[PDB]
$ cat run_1.csv   # CSV, N, CA and C atoms
chain,number,residue,atom,x,y,z
G,817,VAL,N,1.5,-0.6,-59.2
G,817,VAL,CA,0.5,0.0,-58.3
G,817,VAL,C,0.4,-1.0,-57.1
G,818,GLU,N,0.4,-2.3,-57.3
G,818,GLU,CA,0.4,-3.3,-56.1
G,818,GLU,C,1.6,-3.1,-55.3
G,819,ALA,N,2.8,-3.0,-55.9
G,819,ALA,CA,4.1,-2.8,-55.1
G,819,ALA,C,4.0,-1.4,-54.4
G,820,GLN,N,3.5,-0.4,-55.0
G,820,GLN,CA,3.5,0.9,-54.4
G,820,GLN,C,2.5,0.8,-53.2
G,821,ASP,N,1.4,0.2,-53.3
G,821,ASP,CA,0.4,0.1,-52.2
G,821,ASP,C,1.0,-0.7,-51.1
G,822,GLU,N,1.7,-1.8,-51.5
G,822,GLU,CA,2.3,-2.7,-50.4
G,822,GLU,C,3.4,-1.9,-49.7
G,823,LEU,N,4.2,-1.1,-50.5
G,823,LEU,CA,5.3,-0.3,-49.8
G,823,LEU,C,4.7,0.7,-48.9
G,824,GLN,N,3.6,1.4,-49.4
G,824,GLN,CA,3.0,2.5,-48.5
G,824,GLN,C,2.5,1.8,-47.2
G,825,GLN,N,1.7,0.7,-47.4
G,825,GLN,CA,1.1,0.1,-46.2
G,825,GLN,C,2.2,-0.4,-45.3
G,826,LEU,N,3.3,-1.0,-45.8
G,826,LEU,CA,4.4,-1.5,-45.0
G,826,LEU,C,5.1,-0.3,-44.3
G,827,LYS,N,5.3,0.8,-45.0
G,827,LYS,CA,6.0,1.9,-44.4
G,827,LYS,C,5.1,2.5,-43.3
G,828,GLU,N,3.8,2.6,-43.5
G,828,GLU,CA,2.9,3.1,-42.4
G,828,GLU,C,3.0,2.1,-41.2
G,829,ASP,N,2.9,0.8,-41.5
G,829,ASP,CA,2.9,-0.3,-40.5
G,829,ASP,C,4.2,-0.2,-39.7
G,830,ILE,N,5.3,-0.1,-40.4
G,830,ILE,CA,6.6,-0.1,-39.7
G,830,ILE,C,6.8,1.2,-38.9
G,831,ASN,N,6.3,2.3,-39.4
G,831,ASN,CA,6.4,3.6,-38.6
G,831,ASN,C,5.5,3.4,-37.3
G,832,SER,N,4.3,2.8,-37.5
G,832,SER,CA,3.5,2.6,-36.3
G,832,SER,C,4.2,1.6,-35.4
G,833,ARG,N,4.9,0.6,-35.9
G,833,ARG,CA,5.6,-0.4,-35.1
G,833,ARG,C,6.8,0.3,-34.4
G,834,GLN,N,7.5,1.2,-35.0
G,834,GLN,CA,8.6,1.9,-34.4
G,834,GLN,C,8.1,2.7,-33.2
G,835,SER,N,6.9,3.4,-33.5
G,835,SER,CA,6.3,4.2,-32.4
G,835,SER,C,5.8,3.3,-31.3
G,836,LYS,N,5.3,2.1,-31.7
G,836,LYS,CA,5.0,1.0,-30.7
G,836,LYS,C,6.2,0.6,-29.9
G,837,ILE,N,7.3,0.5,-30.6
G,837,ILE,CA,8.6,0.2,-29.9
G,837,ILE,C,8.9,1.3,-28.9
G,838,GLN,N,8.8,2.5,-29.3
G,838,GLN,CA,9.2,3.6,-28.4
G,838,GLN,C,8.2,3.7,-27.2
G,839,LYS,N,6.9,3.5,-27.5
G,839,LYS,CA,5.9,3.5,-26.4
G,839,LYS,C,6.2,2.3,-25.5
G,840,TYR,N,6.5,1.2,-26.0
G,840,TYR,CA,6.9,0.0,-25.2
G,840,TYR,C,8.1,0.3,-24.3
G,841,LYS,N,9.1,1.0,-24.9
G,841,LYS,CA,10.3,1.4,-24.1
G,841,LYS,C,9.8,2.3,-23.0
G,842,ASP,N,8.9,3.3,-23.3
G,842,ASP,CA,8.4,4.2,-22.2
G,842,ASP,C,7.6,3.3,-21.1
G,843,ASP,N,6.8,2.3,-21.6
G,843,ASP,CA,6.1,1.5,-20.6
G,843,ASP,C,7.1,0.7,-19.8
G,844,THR,N,8.1,0.2,-20.4
G,844,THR,CA,9.2,-0.6,-19.7
G,844,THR,C,9.9,0.3,-18.7
G,845,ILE,N,10.1,1.6,-19.1
G,845,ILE,CA,10.7,2.6,-18.1
G,845,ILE,C,9.8,2.8,-16.9
G,846,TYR,N,8.5,2.9,-17.2
G,846,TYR,CA,7.5,3.1,-16.1
G,846,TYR,C,7.5,1.8,-15.3
G,847,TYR,N,7.5,0.6,-15.9
G,847,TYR,CA,7.5,-0.6,-15.1
G,847,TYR,C,8.8,-0.7,-14.3
G,848,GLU,N,10.0,-0.3,-14.8
G,848,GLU,CA,11.2,-0.2,-14.1
G,848,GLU,C,11.1,0.7,-12.9
G,849,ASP,N,10.4,1.9,-13.1
G,849,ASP,CA,10.2,2.8,-12.0
G,849,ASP,C,9.3,2.2,-10.9
G,850,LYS,N,8.3,1.5,-11.3
G,850,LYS,CA,7.4,0.8,-10.4
G,850,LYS,C,8.2,-0.3,-9.7
G,851,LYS,N,9.1,-1.0,-10.4
G,851,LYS,CA,9.9,-2.1,-9.8
G,851,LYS,C,10.9,-1.4,-8.8
G,852,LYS,N,11.4,-0.2,-9.1
G,852,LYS,CA,12.3,0.5,-8.2
G,852,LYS,C,11.5,0.9,-6.9
G,853,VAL,N,10.3,1.4,-7.1
G,853,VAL,CA,9.5,1.7,-5.9
G,853,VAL,C,9.2,0.4,-5.1
G,854,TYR,N,8.9,-0.7,-5.8
G,854,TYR,CA,8.7,-2.0,-5.1
G,854,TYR,C,10.0,-2.4,-4.3
G,855,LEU,N,11.1,-2.2,-5.0
G,855,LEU,CA,12.4,-2.6,-4.3
G,855,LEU,C,12.6,-1.6,-3.1
G,856,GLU,N,12.3,-0.4,-3.2
G,856,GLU,CA,12.4,0.6,-2.0
G,856,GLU,C,11.5,0.1,-0.9
G,857,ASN,N,10.3,-0.4,-1.3
G,857,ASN,CA,9.3,-0.9,-0.3
G,857,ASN,C,9.9,-2.2,0.3
G,858,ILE,N,10.5,-3.0,-0.5
G,858,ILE,CA,11.1,-4.3,0.0
G,858,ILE,C,12.3,-4.0,0.9
G,859,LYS,N,13.1,-3.0,0.6
G,859,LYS,CA,14.2,-2.6,1.5
G,859,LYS,C,13.7,-2.0,2.8
G,860,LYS,N,12.6,-1.2,2.8
G,860,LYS,CA,12.0,-0.7,4.0
G,860,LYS,C,11.4,-1.9,4.8
G,861,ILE,N,10.8,-2.9,4.1
G,861,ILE,CA,10.3,-4.1,4.9
G,861,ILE,C,11.4,-4.9,5.4
G,862,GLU,N,12.5,-5.0,4.7
G,862,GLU,CA,13.7,-5.7,5.2
G,862,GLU,C,14.3,-5.0,6.4
G,863,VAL,N,14.4,-3.7,6.4
G,863,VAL,CA,15.0,-3.0,7.5
G,863,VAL,C,14.0,-3.1,8.7
G,864,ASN,N,12.7,-3.1,8.5
G,864,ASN,CA,11.7,-3.3,9.6
G,864,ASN,C,11.9,-4.7,10.1
M,87,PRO,N,-35.2,0.2,38.2
M,87,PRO,CA,-35.8,1.5,38.3
M,87,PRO,C,-34.8,2.7,37.9
M,88,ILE,N,-34.6,3.6,38.8
M,88,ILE,CA,-33.6,4.7,38.5
M,88,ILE,C,-32.2,4.2,38.3
M,89,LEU,N,-31.9,3.2,39.1
M,89,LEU,CA,-30.5,2.6,39.1
M,89,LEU,C,-30.3,2.0,37.7
M,90,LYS,N,-31.3,1.2,37.2
M,90,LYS,CA,-31.1,0.5,35.9
M,90,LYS,C,-31.0,1.6,34.8
M,91,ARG,N,-31.8,2.6,34.8
M,91,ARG,CA,-31.7,3.6,33.7
M,91,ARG,C,-30.4,4.4,33.8
M,92,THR,N,-30.0,4.7,35.0
M,92,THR,CA,-28.7,5.5,35.1
M,92,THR,C,-27.5,4.6,34.7
M,93,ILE,N,-27.5,3.3,35.0
M,93,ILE,CA,-26.4,2.4,34.6
M,93,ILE,C,-26.5,2.1,33.1
M,94,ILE,N,-27.7,2.0,32.6
M,94,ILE,CA,-27.8,1.7,31.1
M,94,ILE,C,-27.4,3.0,30.4
M,95,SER,N,-26.9,2.8,29.1
M,95,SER,CA,-26.5,4.0,28.3
M,95,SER,C,-27.5,4.2,27.2
M,96,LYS,N,-28.1,5.4,27.1
M,96,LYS,CA,-29.0,5.6,26.0
M,96,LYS,C,-28.2,5.6,24.7
M,97,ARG,N,-28.8,4.9,23.6
M,97,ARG,CA,-28.1,4.9,22.3
M,97,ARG,C,-28.1,6.3,21.7
M,98,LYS,N,-29.1,7.1,22.1
M,98,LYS,CA,-29.2,8.5,21.6
M,98,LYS,C,-28.3,9.5,22.4
M,99,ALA,N,-27.9,9.1,23.6
M,99,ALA,CA,-27.1,10.1,24.4
M,99,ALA,C,-25.9,10.6,23.6
M,100,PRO,N,-25.0,9.7,23.0
M,100,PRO,CA,-24.0,10.1,22.1
M,100,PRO,C,-24.4,10.1,20.6
M,101,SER,N,-23.6,10.6,19.7
M,101,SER,CA,-23.9,10.5,18.3
M,101,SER,C,-23.5,9.2,17.7
M,102,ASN,N,-23.9,8.1,18.4
M,102,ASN,CA,-23.4,6.7,18.0
M,102,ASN,C,-21.9,6.7,18.0
M,103,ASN,N,-21.2,7.4,19.0
M,103,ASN,CA,-19.7,7.5,19.0
M,103,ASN,C,-19.2,7.7,17.6
M,104,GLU,N,-19.7,8.7,16.9
M,104,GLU,CA,-19.2,9.0,15.4
M,104,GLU,C,-17.7,9.2,15.4
M,105,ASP,N,-17.1,8.7,14.3
M,105,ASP,CA,-15.6,8.8,14.2
M,105,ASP,C,-15.2,10.2,13.6
M,106,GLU,N,-13.9,10.5,13.6
M,106,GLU,CA,-13.5,11.8,13.0
M,106,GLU,C,-13.3,11.5,11.5
M,107,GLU,N,-13.6,12.5,10.6
M,107,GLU,CA,-13.5,12.4,9.1
M,107,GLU,C,-14.7,11.6,8.6
M,108,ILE,N,-15.2,12.0,7.4
M,108,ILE,CA,-16.4,11.3,6.8
M,108,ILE,C,-15.9,9.9,6.4
M,109,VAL,N,-14.8,9.7,5.8
M,109,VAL,CA,-14.2,8.4,5.4
M,109,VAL,C,-13.0,8.1,6.3
M,110,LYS,N,-12.5,6.8,6.3
M,110,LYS,CA,-11.3,6.5,7.1
M,110,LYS,C,-10.1,7.2,6.6
M,111,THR,N,-9.2,7.6,7.5
M,111,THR,CA,-8.0,8.4,7.1
M,111,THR,C,-7.1,7.5,6.3
M,112,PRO,N,-6.4,8.0,5.2
M,112,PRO,CA,-5.5,7.2,4.4
M,112,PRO,C,-4.2,6.8,5.1
M,113,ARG,N,-3.5,5.7,4.7
M,113,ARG,CA,-2.3,5.2,5.3
M,113,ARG,C,-1.2,4.9,4.3
M,114,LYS,N,0.0,4.7,4.7
M,114,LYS,CA,1.2,4.4,3.8
M,114,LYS,C,1.0,3.1,3.2
M,115,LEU,N,1.5,2.8,2.0
M,115,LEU,CA,1.3,1.5,1.3
M,115,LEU,C,1.9,0.3,2.1
M,116,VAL,N,3.0,0.5,2.8
M,116,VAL,CA,3.6,-0.6,3.6
M,116,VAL,C,3.3,-0.2,5.1
M,117,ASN,N,4.0,0.8,5.6
M,117,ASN,CA,3.7,1.2,7.0
M,117,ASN,C,3.6,0.1,8.0
M,118,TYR,N,4.6,-0.9,8.0
M,118,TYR,CA,4.5,-2.0,8.9
M,118,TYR,C,4.7,-1.6,10.3
M,119,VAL,N,5.8,-1.0,10.7
M,119,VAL,CA,6.1,-0.6,12.1
M,119,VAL,C,5.7,-1.7,13.1
M,120,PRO,N,6.5,-2.8,13.1
M,120,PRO,CA,6.1,-4.0,13.9
M,120,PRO,C,6.1,-3.6,15.4
M,121,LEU,N,7.2,-3.0,16.0
M,121,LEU,CA,7.2,-2.6,17.4
M,121,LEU,C,6.8,-3.8,18.3
M,122,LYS,N,5.7,-3.7,19.1
M,122,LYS,CA,5.2,-4.9,19.9
M,122,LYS,C,6.3,-5.5,20.7
M,123,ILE,N,7.2,-4.7,21.2
M,123,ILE,CA,8.3,-5.3,22.1
M,123,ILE,C,7.7,-6.0,23.3
M,124,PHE,N,6.7,-5.3,23.9
M,124,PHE,CA,6.0,-5.8,25.1
M,124,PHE,C,4.5,-6.0,24.8
M,125,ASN,N,4.0,-7.2,25.1
M,125,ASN,CA,2.5,-7.4,24.9
M,125,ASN,C,1.9,-7.7,26.3
M,126,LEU,N,1.3,-6.6,26.9
M,126,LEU,CA,0.7,-6.7,28.3
M,126,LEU,C,1.9,-7.1,29.2
M,127,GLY,N,1.6,-8.0,30.2
M,127,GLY,CA,2.6,-8.4,31.1
M,127,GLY,C,3.3,-7.3,31.9
M,128,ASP,N,4.6,-7.1,31.7
M,128,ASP,CA,5.4,-6.0,32.3
M,128,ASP,C,5.2,-6.1,33.8
M,129,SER,N,4.8,-5.0,34.5
M,129,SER,CA,4.5,-5.0,35.9
M,129,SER,C,5.8,-5.3,36.7
M,130,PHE,N,5.8,-6.5,37.4
M,130,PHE,CA,7.0,-6.9,38.2
M,130,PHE,C,8.1,-7.2,37.3
M,131,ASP,N,9.3,-6.7,37.6
M,131,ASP,CA,10.5,-6.9,36.8
M,131,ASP,C,11.0,-8.4,36.7
M,132,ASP,N,11.4,-8.9,35.6
M,132,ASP,CA,11.9,-10.3,35.4
M,132,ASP,C,13.3,-10.5,36.0
M,133,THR,N,14.2,-9.5,35.9
M,133,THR,CA,15.6,-9.7,36.4
M,133,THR,C,15.7,-10.0,37.9
M,134,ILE,N,14.9,-9.3,38.7
M,134,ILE,CA,14.9,-9.4,40.2
M,134,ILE,C,14.4,-10.8,40.5
M,135,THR,N,13.3,-11.2,39.9
M,135,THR,CA,12.7,-12.5,40.2
M,135,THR,C,13.6,-13.7,39.7
M,136,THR,N,14.3,-13.4,38.6
M,136,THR,CA,15.2,-14.5,38.0
M,136,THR,C,16.4,-14.7,39.0
M,137,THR,N,16.9,-13.6,39.6
M,137,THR,CA,17.9,-13.7,40.6
M,137,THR,C,17.3,-14.4,41.8
M,138,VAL,N,16.1,-14.1,42.2
M,138,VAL,CA,15.4,-14.8,43.3
M,138,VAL,C,15.3,-16.3,43.0
M,139,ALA,N,14.9,-16.6,41.8
M,139,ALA,CA,14.8,-18.1,41.4
M,139,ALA,C,16.2,-18.7,41.5
M,140,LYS,N,17.3,-18.0,41.1
M,140,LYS,CA,18.6,-18.6,41.2
M,140,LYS,C,19.0,-18.8,42.7
$ encode --input "run_1.csv" --output "structure tokens"
Amino acid sequence: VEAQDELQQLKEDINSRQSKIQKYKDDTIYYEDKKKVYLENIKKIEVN
Amino acid sequence: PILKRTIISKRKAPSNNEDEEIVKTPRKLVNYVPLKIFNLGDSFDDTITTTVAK
């Protein structure tokens, strides 16, 4: 029963962690989009 | 007398020179547009006077 409880809690935690990884990947994609917008602003400042 | 009141401007005569729009109009996040090629000055041309100095 202890092993079953540990396995279930670990499985839930790792599923949450994988979902945390996918949301972190989405957040990094959003950060990369913000960085691309900042680079576009930097290029406009550089041309000015 | 009449001259002082005519020269002076009543604060009530205008609407305190109210601006357009309730809040300030929005602007672009960078919008630098440096320009400023000429700052005042201008008037008499520099090339002609430079030739005159030569």
$ interface_residues --input "run_1.csv" --of "chain G" --to "chain M" --cutoff "8 Å" --atoms "all atoms listed in the file" --output "ChimeraX atom specification"
/G:857,860-861,864
$ atom_distance --input "run_1.csv" --atom1 "atom CA of residue 851 of chain G" --atom2 "atom CA of residue 112 of chain M"
22.9 Å
$ select_by_dssp --input "run_1.csv" --residues "chain M" --states "helix (DSSP H, G or I)" --output "VMD selection string"
chain M and resid 88 to 93 132 to 139
$ write_last_selection --input "run_1.csv" --atoms "N, CA and C atoms" --output "PDB file, keeping the file's coordinate frame"
ATOM      1  N   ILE M  88     -34.600   3.600  38.800  1.00  0.00           N
ATOM      2  CA  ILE M  88     -33.600   4.700  38.500  1.00  0.00           C
ATOM      3  C   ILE M  88     -32.200   4.200  38.300  1.00  0.00           C
ATOM      4  N   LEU M  89     -31.900   3.200  39.100  1.00  0.00           N
ATOM      5  CA  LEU M  89     -30.500   2.600  39.100  1.00  0.00           C
ATOM      6  C   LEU M  89     -30.300   2.000  37.700  1.00  0.00           C
ATOM      7  N   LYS M  90     -31.300   1.200  37.200  1.00  0.00           N
ATOM      8  CA  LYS M  90     -31.100   0.500  35.900  1.00  0.00           C
ATOM      9  C   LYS M  90     -31.000   1.600  34.800  1.00  0.00           C
ATOM     10  N   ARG M  91     -31.800   2.600  34.800  1.00  0.00           N
ATOM     11  CA  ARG M  91     -31.700   3.600  33.700  1.00  0.00           C
ATOM     12  C   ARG M  91     -30.400   4.400  33.800  1.00  0.00           C
ATOM     13  N   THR M  92     -30.000   4.700  35.000  1.00  0.00           N
ATOM     14  CA  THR M  92     -28.700   5.500  35.100  1.00  0.00           C
ATOM     15  C   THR M  92     -27.500   4.600  34.700  1.00  0.00           C
ATOM     16  N   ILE M  93     -27.500   3.300  35.000  1.00  0.00           N
ATOM     17  CA  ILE M  93     -26.400   2.400  34.600  1.00  0.00           C
ATOM     18  C   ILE M  93     -26.500   2.100  33.100  1.00  0.00           C
ATOM     19  N   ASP M 132      11.400  -8.900  35.600  1.00  0.00           N
ATOM     20  CA  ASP M 132      11.900 -10.300  35.400  1.00  0.00           C
ATOM     21  C   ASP M 132      13.300 -10.500  36.000  1.00  0.00           C
ATOM     22  N   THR M 133      14.200  -9.500  35.900  1.00  0.00           N
ATOM     23  CA  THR M 133      15.600  -9.700  36.400  1.00  0.00           C
ATOM     24  C   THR M 133      15.700 -10.000  37.900  1.00  0.00           C
ATOM     25  N   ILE M 134      14.900  -9.300  38.700  1.00  0.00           N
ATOM     26  CA  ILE M 134      14.900  -9.400  40.200  1.00  0.00           C
ATOM     27  C   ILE M 134      14.400 -10.800  40.500  1.00  0.00           C
ATOM     28  N   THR M 135      13.300 -11.200  39.900  1.00  0.00           N
ATOM     29  CA  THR M 135      12.700 -12.500  40.200  1.00  0.00           C
ATOM     30  C   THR M 135      13.600 -13.700  39.700  1.00  0.00           C
ATOM     31  N   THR M 136      14.300 -13.400  38.600  1.00  0.00           N
ATOM     32  CA  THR M 136      15.200 -14.500  38.000  1.00  0.00           C
ATOM     33  C   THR M 136      16.400 -14.700  39.000  1.00  0.00           C
ATOM     34  N   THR M 137      16.900 -13.600  39.600  1.00  0.00           N
ATOM     35  CA  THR M 137      17.900 -13.700  40.600  1.00  0.00           C
ATOM     36  C   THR M 137      17.300 -14.400  41.800  1.00  0.00           C
ATOM     37  N   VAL M 138      16.100 -14.100  42.200  1.00  0.00           N
ATOM     38  CA  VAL M 138      15.400 -14.800  43.300  1.00  0.00           C
ATOM     39  C   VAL M 138      15.300 -16.300  43.000  1.00  0.00           C
ATOM     40  N   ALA M 139      14.900 -16.600  41.800  1.00  0.00           N
ATOM     41  CA  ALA M 139      14.800 -18.100  41.400  1.00  0.00           C
ATOM     42  C   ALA M 139      16.200 -18.700  41.500  1.00  0.00           C
TER      43      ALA M 139
END
$ atom_distance --input "run_1.csv" --atom1 "atom CA of residue 847 of chain G" --atom2 "atom CA of residue 827 of chain G"
29.4 Å
$ atom_distance --input "run_1.csv" --atom1 "atom N of residue 106 of chain M" --atom2 "atom C of residue 93 of chain M"
24.7 Å
$ build_atoms --input "run_1.csv" --residues "segment 115-129 of chain M" --atoms "N, CA, C and O atoms" --output "PDB file, keeping the file's coordinate frame"
ATOM      1  N   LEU M 115       1.500   2.800   2.000  1.00  0.00           N
ATOM      2  CA  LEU M 115       1.300   1.500   1.300  1.00  0.00           C
ATOM      3  C   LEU M 115       1.900   0.300   2.100  1.00  0.00           C
ATOM      4  O   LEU M 115       1.310  -0.748   2.039  1.00  0.00           O
ATOM      5  N   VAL M 116       3.000   0.500   2.800  1.00  0.00           N
ATOM      6  CA  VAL M 116       3.600  -0.600   3.600  1.00  0.00           C
ATOM      7  C   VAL M 116       3.300  -0.200   5.100  1.00  0.00           C
ATOM      8  O   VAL M 116       2.452  -0.957   5.667  1.00  0.00           O
ATOM      9  N   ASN M 117       4.000   0.800   5.600  1.00  0.00           N
ATOM     10  CA  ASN M 117       3.700   1.200   7.000  1.00  0.00           C
ATOM     11  C   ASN M 117       3.600   0.100   8.000  1.00  0.00           C
ATOM     12  O   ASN M 117       2.593  -0.043   8.742  1.00  0.00           O
ATOM     13  N   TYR M 118       4.600  -0.900   8.000  1.00  0.00           N
ATOM     14  CA  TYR M 118       4.500  -2.000   8.900  1.00  0.00           C
ATOM     15  C   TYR M 118       4.700  -1.600  10.300  1.00  0.00           C
ATOM     16  O   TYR M 118       3.732  -1.916  11.124  1.00  0.00           O
ATOM     17  N   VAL M 119       5.800  -1.000  10.700  1.00  0.00           N
ATOM     18  CA  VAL M 119       6.100  -0.600  12.100  1.00  0.00           C
ATOM     19  C   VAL M 119       5.700  -1.700  13.100  1.00  0.00           C
ATOM     20  O   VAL M 119       4.787  -1.556  13.836  1.00  0.00           O
ATOM     21  N   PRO M 120       6.500  -2.800  13.100  1.00  0.00           N
ATOM     22  CA  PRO M 120       6.100  -4.000  13.900  1.00  0.00           C
ATOM     23  C   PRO M 120       6.100  -3.600  15.400  1.00  0.00           C
ATOM     24  O   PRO M 120       5.082  -3.931  16.032  1.00  0.00           O
ATOM     25  N   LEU M 121       7.200  -3.000  16.000  1.00  0.00           N
ATOM     26  CA  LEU M 121       7.200  -2.600  17.400  1.00  0.00           C
ATOM     27  C   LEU M 121       6.800  -3.800  18.300  1.00  0.00           C
ATOM     28  O   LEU M 121       7.593  -4.820  18.257  1.00  0.00           O
ATOM     29  N   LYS M 122       5.700  -3.700  19.100  1.00  0.00           N
ATOM     30  CA  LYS M 122       5.200  -4.900  19.900  1.00  0.00           C
ATOM     31  C   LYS M 122       6.300  -5.500  20.700  1.00  0.00           C
ATOM     32  O   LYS M 122       6.263  -6.777  20.854  1.00  0.00           O
ATOM     33  N   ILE M 123       7.200  -4.700  21.200  1.00  0.00           N
ATOM     34  CA  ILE M 123       8.300  -5.300  22.100  1.00  0.00           C
ATOM     35  C   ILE M 123       7.700  -6.000  23.300  1.00  0.00           C
ATOM     36  O   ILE M 123       8.036  -7.105  23.653  1.00  0.00           O
ATOM     37  N   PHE M 124       6.700  -5.300  23.900  1.00  0.00           N
ATOM     38  CA  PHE M 124       6.000  -5.800  25.100  1.00  0.00           C
ATOM     39  C   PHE M 124       4.500  -6.000  24.800  1.00  0.00           C
ATOM     40  O   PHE M 124       3.892  -5.139  24.163  1.00  0.00           O
ATOM     41  N   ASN M 125       4.000  -7.200  25.100  1.00  0.00           N
ATOM     42  CA  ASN M 125       2.500  -7.400  24.900  1.00  0.00           C
ATOM     43  C   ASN M 125       1.900  -7.700  26.300  1.00  0.00           C
ATOM     44  O   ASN M 125       2.063  -8.796  26.805  1.00  0.00           O
ATOM     45  N   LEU M 126       1.300  -6.600  26.900  1.00  0.00           N
ATOM     46  CA  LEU M 126       0.700  -6.700  28.300  1.00  0.00           C
ATOM     47  C   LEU M 126       1.900  -7.100  29.200  1.00  0.00           C
ATOM     48  O   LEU M 126       2.984  -6.646  29.044  1.00  0.00           O
ATOM     49  N   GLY M 127       1.600  -8.000  30.200  1.00  0.00           N
ATOM     50  CA  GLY M 127       2.600  -8.400  31.100  1.00  0.00           C
ATOM     51  C   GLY M 127       3.300  -7.300  31.900  1.00  0.00           C
ATOM     52  O   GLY M 127       2.589  -6.590  32.609  1.00  0.00           O
ATOM     53  N   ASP M 128       4.600  -7.100  31.700  1.00  0.00           N
ATOM     54  CA  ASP M 128       5.400  -6.000  32.300  1.00  0.00           C
ATOM     55  C   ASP M 128       5.200  -6.100  33.800  1.00  0.00           C
ATOM     56  O   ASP M 128       5.504  -7.142  34.406  1.00  0.00           O
ATOM     57  N   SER M 129       4.800  -5.000  34.500  1.00  0.00           N
ATOM     58  CA  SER M 129       4.500  -5.000  35.900  1.00  0.00           C
ATOM     59  C   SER M 129       5.800  -5.300  36.700  1.00  0.00           C
ATOM     60  O   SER M 129       6.809  -4.593  36.577  1.00  0.00           O
TER      61      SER M 129
END
